[PDB]
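Enquirer:
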Amino acid sequence: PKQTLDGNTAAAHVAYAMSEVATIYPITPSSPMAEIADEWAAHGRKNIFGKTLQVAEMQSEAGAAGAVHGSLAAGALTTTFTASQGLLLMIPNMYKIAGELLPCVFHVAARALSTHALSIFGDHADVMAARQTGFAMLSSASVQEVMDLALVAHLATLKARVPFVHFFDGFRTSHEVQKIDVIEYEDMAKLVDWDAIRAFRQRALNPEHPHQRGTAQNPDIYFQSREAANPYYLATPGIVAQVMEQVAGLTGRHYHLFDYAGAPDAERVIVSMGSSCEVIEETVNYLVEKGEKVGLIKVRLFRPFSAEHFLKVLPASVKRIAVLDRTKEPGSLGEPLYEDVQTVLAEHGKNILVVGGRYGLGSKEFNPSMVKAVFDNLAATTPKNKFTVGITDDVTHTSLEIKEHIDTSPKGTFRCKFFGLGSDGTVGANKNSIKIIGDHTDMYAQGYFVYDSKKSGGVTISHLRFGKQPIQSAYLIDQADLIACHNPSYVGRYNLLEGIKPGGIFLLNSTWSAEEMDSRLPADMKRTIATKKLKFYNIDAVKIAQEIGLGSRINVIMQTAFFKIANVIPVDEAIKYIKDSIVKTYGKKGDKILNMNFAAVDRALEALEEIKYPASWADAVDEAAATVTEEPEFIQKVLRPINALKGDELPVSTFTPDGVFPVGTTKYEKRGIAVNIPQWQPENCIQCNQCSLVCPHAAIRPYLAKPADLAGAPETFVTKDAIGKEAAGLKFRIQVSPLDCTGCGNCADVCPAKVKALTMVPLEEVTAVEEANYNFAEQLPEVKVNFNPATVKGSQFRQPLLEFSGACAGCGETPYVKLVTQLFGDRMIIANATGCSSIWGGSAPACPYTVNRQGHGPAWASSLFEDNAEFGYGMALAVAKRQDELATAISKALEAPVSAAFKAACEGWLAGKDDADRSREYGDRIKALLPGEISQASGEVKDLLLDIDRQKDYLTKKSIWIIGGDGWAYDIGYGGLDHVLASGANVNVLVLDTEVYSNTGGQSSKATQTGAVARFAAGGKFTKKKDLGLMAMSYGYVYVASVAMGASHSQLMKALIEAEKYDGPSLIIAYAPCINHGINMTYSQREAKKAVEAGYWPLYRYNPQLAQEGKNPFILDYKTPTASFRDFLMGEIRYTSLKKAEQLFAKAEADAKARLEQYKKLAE
Amino acid sequence: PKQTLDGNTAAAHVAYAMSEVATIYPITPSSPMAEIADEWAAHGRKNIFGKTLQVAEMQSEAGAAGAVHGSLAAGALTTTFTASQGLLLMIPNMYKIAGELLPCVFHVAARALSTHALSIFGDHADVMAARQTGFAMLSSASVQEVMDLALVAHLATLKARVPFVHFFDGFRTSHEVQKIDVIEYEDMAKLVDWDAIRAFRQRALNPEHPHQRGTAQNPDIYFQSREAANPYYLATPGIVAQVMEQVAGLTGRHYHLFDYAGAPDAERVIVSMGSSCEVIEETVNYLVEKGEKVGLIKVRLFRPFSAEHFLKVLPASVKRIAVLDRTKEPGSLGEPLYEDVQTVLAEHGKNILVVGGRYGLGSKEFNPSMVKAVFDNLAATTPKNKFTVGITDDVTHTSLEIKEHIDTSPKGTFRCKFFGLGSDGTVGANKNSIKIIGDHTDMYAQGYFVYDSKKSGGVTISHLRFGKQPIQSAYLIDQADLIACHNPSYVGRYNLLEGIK
Amino acid sequence: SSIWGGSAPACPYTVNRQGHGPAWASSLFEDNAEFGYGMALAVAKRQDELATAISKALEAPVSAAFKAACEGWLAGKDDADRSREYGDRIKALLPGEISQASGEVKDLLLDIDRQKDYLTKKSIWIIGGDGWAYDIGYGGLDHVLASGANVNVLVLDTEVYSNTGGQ
Ligand SMILES: Cc1ncc(C[n+]2c([C@@](C)(O)C(=O)O)sc(CCOP(=O)(O)OP(=O)(O)O)c2C)c(N)n1
Ligand SMILES: Cc1ncc(C[n+]2csc(CCOP(=O)(O)OP(=O)(O)O)c2C)c(N)n1
Ligand code: SF4
Ligand code: SF4
Ligand code: SF4
Ligand SMILES: [Mg+2]
Ligand SMILES: [Mg+2]
């Protein structure tokens, strides 16, 4: 049958049918494969064995790989899905699985490896890192090929006994939606070699016919034993070839080990692999028809590399070959595929000039214009070798010049771009539009979706294609017949109408009339509309949704507007298909919700009005650009073009060679995405600063100023007298940053005044006023104040060093990290695990960590997902070594003829170098005496002072903070965290416990509670939550504390300060509410208060220092809960969606009572 | 000075001098490096920074690799020692360390990977599994070369900012005892680019001049950012070449990225790497004196592979080349070194018949009789390609036939075999005899020891050599001048007098 | 435990008088807990295929003594003693039951006989040293314990890395 799927679903479809067990672990962009396999098993989909697939989630891909190995050796057909860093961790087991000749298929959504930077996007770096393990390797070039070649892999591995890696390009194919022919399970079972399966069962570990495998071997037999598998690898090419003929007879689609396309007498041929083959064949069709003698060899079976099957499809007329590798091996002579082609042609004496290049790293665009550039390089007198395509390499001059732009799209193919807002329904509607068109017409349909790094308020760009011919355009849309803008704020911000065809359609969602078009639309946009004679349509979708009662949801409205003008299908047919999908989507919502969406369709058709623009729009002239402010060179050359969606134009000379970025760059973004912003009521404010404490974006802060410093304040900068003996004679004001606020509403909810001192007002109404207000508050001079930093009020007067990050509105993680920077950020180094905290904390080119007025601030680094604890441990060793080198130079200065005041500060530092306050005090004293002491010295004594000055950045004692999520701490990095805590080093571990893998969409974890439903746990998690805090207490010398900011501000303050001062390992497990819980983020602080009050989350502190004082180390800070446990679960969707459901809710309540009663015994 | 050491001690000697931190985790046969580095720190040996090396043991080599990254990024020169399954667990962090251009040297006693079976013995499977991480790769063929090239790696990585894997063959060199010239720490400090060290400190993570590293990047900038390190890899070959000249002027021993030995008009040449280069050169000396036009190219800097330095030492008279790889990549068209040689010669239009083979997997014996078989295959009318040497492959017919047995040991070299019992003192005594002879004579001394898998009561066979010429015989004793049997039970049980002259 | 337990060419694990005995496998140093976990999942999968073929035999024209042992095994397939008792009854009645059957009934009995090596409930044993359990494999050992699977982990604590020399 025909369905609209992506590569992931296409792969999981075949993997599910052919497997009994699937051990999985989430990693983008492979996790959708494991998610859908869990849902199918949850609803009882049967594989070819008549049973449901058993899905088991491990603690890491290393654990997943071992489970695959054991399951295979014991007699169960087992598969798994992974990519990128996950595939690296499976490499050790891959040698074993291949070495033991076990049938197996790994499905890989090929993704780049973390080098100078992390990239979740697609290339072959991961697959190439395992090409020597002995696995076979099969490449799929399209979503249709994923369906077919996944079947080829599963059938071939049973026959050959050689395990397979079936890989397809991450995102470019794994997330591309296409209408394909789906192969029925019943047809798969008719092709399976059942004799091969039964032989596999007989080789299983079984005590009734036992055997020994995996022995240790001496040099006398190891080499021979390793070569004994030679026949199995020699027979694999023919086995795969015969399987491809089986699939060919069933589907009609013919695959070979290497496939050729292009002129039979071609002289220039490109050898490539993966989705690039689709782009190359489309270009080859275009060039061959124009008379060029070019061709393409698609590599399907990369390993084992069959020389016979490669030469079989190479035309005898080939004189020059360009090999394209989607990877980079630095310092290597050439990339993998290039060296293979060069080798095989040498082994057979072919006089063919071979040239290799690199493309598409990290989902870099690879379009037909680049393909011609590769072909033109083969047509040159001396073809450039070791080249790159798709970048401008102005440093080493490896890039090919893209001279001209060609349009190789098949005639009759419709192309549309949709600019949407984060979670406004645009992407979901386009997926439904593809499903509508694919199911009811003969046209092929394709969809690809570009997402934003910002988690809330980001830009989404949808790329859709429909045509009478199969769609091989695995690249972004170049010339669009229709461009739709579902957010009017994008007008004048992004190049929306880029590349639109003459006479194309421009659909806009805005409240602007035809006359307001002259003043609202920019001149460059008006020129394109007029010169290209576009059909410009406008619709006020927001007005329609308000009047009907759908709020601001415009997804149904904008989809109706598309079909009305696109002329892809009859307008009357589309309306039926839209309303039919509404019944499928809103049928269970009720009669009221159903008819509202029906009215949305009807009202949208009548409201879509074509804008009749004057022809004089073609001559419009840009308006004079204002005098731009002097911004740093990085902001001007890097951050602005990247946020302007022009980062691909930046040449190689723009970037550092090691991925090092400046700090404090998010303050230049000023996204202004808030719908409402807090307005401060000075008369109701008690000056408690709790609003600044809970802000997940540091958008609201308190400001103090002497009355003289309030001179040039705007009239709206109303201040109040400062409360407290510390701030006597000063003015106070709570000021919000309107362009950086997210409109989450946490600060208004936490305000404890009798009358609310914060009220949510629309941004547009007060944006002009509050911007000048914030610009004045930010320019206020520093005020020396003696407020105790150990209190909530006093700590918020210190500058936040984490601001304006990309976390969601109301995130429960950033308030914890923001508070740490306010206490110790002056002297801390952060080792941050991969996860949400690394995405909002370190997504290029914007850095949310900033500096104070002295230029000091946290240094931030992210290594890997699994190594963060050991990463920070290594930092502690190095910092200790750097202080030791400084202490030696200071002790040498004591014997030098230096000033008596210099010797006093040196001795004071040497005695207190391991104390935070004393080392800063005497450290700053030495800094003040350094310039004068150097001037008064000469010769070797001056050199000794210059060495101290070179190391003055290590006088102040540092504070190592190891930050990461619960998935890192409870699963993949738990072994390393256990080791670093047990070592006794002076490190501080902060676990942001969201009880799921939050960044990757919300998958199951050991931090997930009993009965909670998450991805990979569709039926709910049976086993209870692992108690990480209890295991760290078992050492006795590890400080462990469980905190929750929403529950108790004072309890969080005490545990953080006690943990940092403790000269040893400290573990802070913080409850972080998240969007994956299925709750209203406006009341994110309130949800954490209900969690502790209902006995769901405990609050305790284990202080090893109390044991040395003869006291009880365990202190239970909240003993008696006052709220109902069952009522808290019903306030989050992650528990209500389960409603077998009642049995799990009862087990969760029994575990919460036993956990509280166990803490009462440890406290008594 | 001259001391009797093994490859492990020779490497740890240099690693200790040039490093401040060493995060370690045990794995045969690399753990002796971390053991002896731990003992030196306990007795207060000073490095070139005047302090003792800080040794930290982790929960695994993956934890060790992560600790290296953190220590380097925080401003301390850090090293580690690993092999085989341990190096695999370090592969993820190697991408980060190489990607961030951090100076570093991993010392690896190259050991086979666990496939159909575990093997603690030596081959290049582990090092080849990381050849795409972006680390440089430097191969030493003897105990003396371990001393010298470990210094080359530590000096080169500071200058190039490209991290190095300095690897030597497990057991065959890591546990081979030889009398070598030991390089003084004071002489090492006279060659260090101290400007490079201070610059490395300035890039460290520090809150007083903060920065962000290890970001996540979208498709708009990732490709460009990955190619921005191209100058650093292009400059690494010349940096290594110049560093080798620094060591050359100090020690008198001349290393190059690729070294040539054999007839200047040779027509058959073997390209190889590791301890096989010693065995091949010894055989080449024997064949060249017999009139055969044969030669040998030793690969020192495997990555980055400099085509210019490789073609520089390849005689124009070469017609046929046999490449020997000490690894197996099942299903691959050819093994790594074979594909590099095949590629570079194709890129330069050389009409040279190239043939690749596999040898010495899991410390399989590789002796001169096998080397001649490789040369004889190049002399055949149709040379067999994709071959094996040292085994009898009667299934797929890849093995070369060992036609005749030759003795290529330099004349005047004494050779002794000692058959001992487990822990009866024989091995320790032979080691002491080597130290006695090495410290008090002008003779070179070599010791290699075959152990048993049984922990108590096993058979041990010691192979010792002494001669007036340097001992390149990285293979078991073929013709012994003396054979000693320290256990009468072996009489009638084992072929003790096998091969005695 | 893998060197004295599985160094080629000698295997110390042997079989009993009936030819049954422990099947031995070693994967890697770090993955042993998850290794045995995967085996437990597979054996459970292999028992389900046999149990389904036995339930089909209840509805087939076979002898009453054959059906009596099948119902007894299906009720006690997860008990060590009961599954062996009724399992051996099935094995003893199989050759005669196959002789008295034909067609699809004979094929259904031949499928029971093909899987009779899964009648007796298996005992998965995860054996390793203190280095595996306390260090490199602790994360995997922690996970398999949390899963609740019916596995038996035996940690031979020598308080050192005995094989590699005593680290
Ligand atoms: C070894 C390994 N395995 C899996 C991953 C994928 N991966 C992540 C990314 C950022 O790399 C990604 O989304 O691509 S983030 C992530 C889970 C994060 O879970 P945590 O609970 O630790 O942090 P939070 O995101 O705050 O919930 C995973 C599994 C990874 N990066 N490395
Ligand atoms: C991944 C990996 N790292 C290191 C090694 C080397 N190695 C083999 S056994 C062993 C330690 C065994 O210690 P233990 O778990 O206590 O078992 P024991 O020998 O003491 O019985 C090590 C480090 C290895 N084989 N694999
Ligand atoms: S509404 Fe949310 S983002 Fe805006 S200032 Fe308040 S807490 Fe911060
Ligand atoms: S929470 Fe309310 S009372 Fe407290 S400082 Fe903020 S606005 Fe003022
Ligand atoms: S933790 Fe949850 S709320 Fe915070 S950024 Fe991640 S997904 Fe968004
Ligand atoms: Mg989490
Ligand atoms: Mg032990």
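Protein chains in written order, with my numbering: chain A, 1 to 1164; chain B, 1165 to 1665; chain C, 1666 to 1832. For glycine and all other residues, C-beta sits at the position ideal for the given N, C-alpha and C.
Based on the DSSP secondary-structure assignment, which residues constitute the bridge partners of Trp-860 of chain A?
Expert: Note: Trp-860 of chain A sits in a beta bridge opposite A:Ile-830 and B:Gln-1376.
Enquirer: Counting only C-beta atoms, is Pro-1256 of chain B closer than 8 Å to chain C at any point?
Expert: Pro-1256 of chain B does not count as touching chain C.
Enquirer: Is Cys-1649 of chain B helix, strand or coil by DSSP?
Expert: Strand.
Enquirer: Touch check for the region 1233-1240 of chain B and the region 1265-1279 of chain B: three-plus C-beta pairs under 8 Å?
Expert: At 8 Å Cβ cutoff, the stretches touch.
Enquirer: I want to check one thing, is the minimum distance from the CB of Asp-1795 of chain C to the heavy atoms of ligand 7 below 7 Å?
Expert: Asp-1795 of chain C Cβ: within cutoff of ligand 7.
Enquirer: Between the Cα of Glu-1453 of chain B and the Cα atoms of B:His-1604, B:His-1280 and B:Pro-1574, which residue gives the shortest distance?
Expert: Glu-1453 of chain B has its Cα closest to that of B:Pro-1574, out of B:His-1604, B:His-1280 and B:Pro-1574.
Enquirer: Can you find a C-beta in chain B that's less than 8 Å from the C-beta of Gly-1701 of chain C?
Expert: Output row for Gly-1701 of chain C: interface = no.
Enquirer: Kindly indicate which residue of A:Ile-406, A:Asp-867, A:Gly-724 and A:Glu-1109 has the alpha-carbon position closest to the one of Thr-283 of chain A.
Expert: Among A:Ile-406, A:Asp-867, A:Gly-724 and A:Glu-1109, the Cα nearest to that of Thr-283 of chain A is on A:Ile-406.
Enquirer: Check whether chain B comes within 8 Å of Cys-104 of chain A, counting only Cβ atoms and requiring the distance to be less than that.
Expert: With 8 Å as the cut-off, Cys-104 of chain A does not count as an interface residue toward chain B.
Enquirer: Would you check if the distance between the CB atom of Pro-738 of chain A and the CB atom of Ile-677 of chain A is smaller than 8 Å?
Expert: Against a cut-off of 8 Å, the Cβ pair of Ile-677 of chain A and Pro-738 of chain A comes out as a contact.
Enquirer: Closer than 7 Å, Cβ to any Cβ of chain C: which residues of the region 1240-1252 of chain B, in chain order?
Expert: So the list reads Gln-1249, given in the order they occur along the chain.
Enquirer: Does the beta-carbon of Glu-61 of chain A, which I'm using as the reference point, lie nearer than 7 Å to any heavy atom of ligand 1?
Expert: Correct: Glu-61 of chain A has its Cβ closer than 7 Å to ligand 1.
Enquirer: What residues of chain A sit near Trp-1689 of chain C, judged by a beta carbon separation below 7 Å?
Expert: Neighbours of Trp-1689 of chain C on chain A, chain order: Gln-212.
Enquirer: At least one CB of chain A closer than 8 Å to the CB of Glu-1391 of chain B: is that the case?
Expert: By this cut-off, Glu-1391 of chain B is an interface position.
Enquirer: Using the Cβ count rule (16 or more neighbours within 10 Å means buried), how would you classify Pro-800 of chain A?
Expert: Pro-800 of chain A should be labelled buried.
Enquirer: Looking at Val-980 of chain A and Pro-1065 of chain A, is the spacing between their C-beta atoms short of 8 Å?
Expert: Yes. Within cutoff.
Enquirer: Can we count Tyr-25 of chain A as close to ligand 6, meaning its CB is less than 7 Å from some heavy atom?
Expert: Outside the cutoff, so no.
Enquirer: Rounded to a whole number of angstroms, what is the C-alpha to C-alpha distance between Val-1043 of chain A and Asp-914 of chain A?
Expert: The straight-line gap from Cα to Cα measures roughly 27 Å.
Enquirer: Is it buried or exposed for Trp-1689 of chain C, if we count other Cβ within 10 angstroms and need 16 for buried?
Expert: By the neighbour-count rule (16 or more Cβ atoms within 10 Å), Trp-1689 of chain C is buried.
Enquirer: Could you check whether the Cβ of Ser-552 of chain A sits closer than 7 Å to any heavy atom belonging to ligand 1?
Expert: No; taking the cut-off as 7 Å, the Cβ of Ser-552 of chain A has no heavy atom of ligand 1 nearer than that.
Enquirer: Using only the alpha-carbon positions, how far apart do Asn-377 of chain A and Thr-173 of chain A sit?
Expert: When rounded, the distance between both Cα atoms is 27 Å.
Enquirer: What residue does the beta strand (DSSP E) around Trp-680 of chain A start on, and which one ends it?
Expert: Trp-680 of chain A -> beta strand (DSSP E) spans 676-680.
Enquirer: Assuming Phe-135 of chain A and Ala-98 of chain A form a contact by the criterion Cβ under 8 Å, report the distance between their Cβ atoms to the nearest whole angstrom.
Expert: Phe-135 of chain A to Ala-98 of chain A, Cβ: 5 Å. Contact.
Enquirer: So who's on the other strand from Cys-416 of chain A, going by DSSP bridges?
Expert: Answer is A:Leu-464 and A:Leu-482, bridged to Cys-416 of chain A.
Enquirer: Where does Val-1435 of chain B fall in DSSP's three states?
Expert: Strand at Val-1435 of chain B.
Enquirer: According to DSSP, simplified to helix, strand and coil, what is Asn-1172 of chain B?
Expert: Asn-1172 of chain B: helix per DSSP, three-state reduction.
Enquirer: Run through the DSSP bridge pairs and tell me what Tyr-494 of chain A is partnered with.
Expert: Looking at the DSSP assignment, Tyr-494 of chain A forms no beta bridge with any residue, so it has no partner.
Enquirer: Taking the beta carbon of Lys-403 of chain A as the centre, do at least 16 other beta carbons fall within 10 Å, making it buried, or is it exposed?
Expert: Flag for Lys-403 of chain A reads exposed.
Enquirer: Taking beta-carbon pairs under 9 Å, can you tell me which members of the region 1529-1546 of chain B lie near chain A?
Expert: Answer set for the region 1529-1546 of chain B: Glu-1529.
Enquirer: Between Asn-230 of chain A and ligand 5, is the CB less than 7 Å from at least one heavy atom?
Expert: Every heavy atom of ligand 5 is 7 Å or more from the Cβ of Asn-230 of chain A, so no.
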